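Novice: Questions regarding the structure given below will be posed in turn.
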Amino acid sequence: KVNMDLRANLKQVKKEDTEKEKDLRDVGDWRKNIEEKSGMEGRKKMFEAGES
């Protein structure tokens, strides 16, 4: 999966603001973190839509 290794290589975790972030394959904790406090933040804040 070269084309892939490149995609991430270039792309990769890229963000400019907690709210504005870009999660990629290399998500892992990085994502979970930002992910939690980034998009899902406002989202749920707008309508968690059930818990757990």
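Chain labels follow the order of the structure tokens: the first chain is A, the next B, and so on; residue numbering restarts at 1 in every chain, and ligands are counted from 1 in their shown order.
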Taking 2 positions as the minimum chain separation for residues in the same chain, which residues sit within 10 Å of residue 34 of chain A when counting only C-alpha atoms? Answer as a ChimeraX atom specification.

Specialist: /A:13,15,17-23,27,29-32,36-41

Novice: Mind listing the helix (DSSP H, G or I) residues of chain A, per DSSP on the backbone, as a PyMOL selection string?

Specialist: chain A and resi 2-10+28-36+39-47

Novice: Let me see the file: selected residues, C-alpha atoms, as a short mmCIF file (atom, residue, chain, number, x, y, z; two decimals), in the first residue's frame.

Specialist:
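After the write, out_14.cif holds the following:
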```cif
data_model
loop_
_atom_site.label_atom_id
_atom_site.label_comp_id
_atom_site.auth_asym_id
_atom_site.auth_seq_id
_atom_site.Cartn_x
_atom_site.Cartn_y
_atom_site.Cartn_z
CA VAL A 2 2.53 2.54 -1.21
CA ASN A 3 0.10 5.05 -2.65
CA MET A 4 -1.26 4.92 0.88
CA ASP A 5 2.00 5.37 2.74
CA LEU A 6 2.32 8.46 0.58
CA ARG A 7 -1.19 9.73 1.19
CA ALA A 8 -0.63 9.71 4.93
CA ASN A 9 3.00 10.71 4.58
CA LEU A 10 1.86 13.93 2.94
CA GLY A 28 -4.99 6.76 16.87
CA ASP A 29 -4.97 8.75 20.09
CA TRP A 30 -4.27 11.94 18.18
CA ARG A 31 -7.75 11.64 16.73
CA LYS A 32 -9.57 10.36 19.79
CA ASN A 33 -8.21 13.51 21.39
CA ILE A 34 -8.91 16.19 18.81
CA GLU A 35 -11.83 14.15 17.54
CA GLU A 36 -13.37 14.35 20.99
CA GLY A 39 -15.91 18.17 15.82
CA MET A 40 -17.79 15.87 18.16
CA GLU A 41 -17.51 18.69 20.67
CA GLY A 42 -19.90 21.12 19.04
CA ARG A 43 -21.78 18.28 17.38
CA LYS A 44 -22.93 16.54 20.54
CA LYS A 45 -23.14 19.98 22.12
CA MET A 46 -25.79 20.55 19.48
CA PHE A 47 -27.43 17.16 19.94
#
```

Novice: DSSP says strand (DSSP E) for which residues of chain A? Put them as a VMD selection string?

Specialist: chain A and resid 14 to 15 21 to 22

Novice: Could you write out the selected residues, including C-alpha atoms, as a PDB file, in the first residue's frame?

Specialist:
```
ATOM      1  CA  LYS A  14      -3.250  18.196  10.120  1.00  0.00           C
ATOM      2  CA  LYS A  15      -5.185  20.818  12.045  1.00  0.00           C
ATOM      3  CA  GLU A  21      -8.749  19.630  12.430  1.00  0.00           C
ATOM      4  CA  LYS A  22      -8.071  16.903   9.894  1.00  0.00           C
TER       5      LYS A  22
END
```
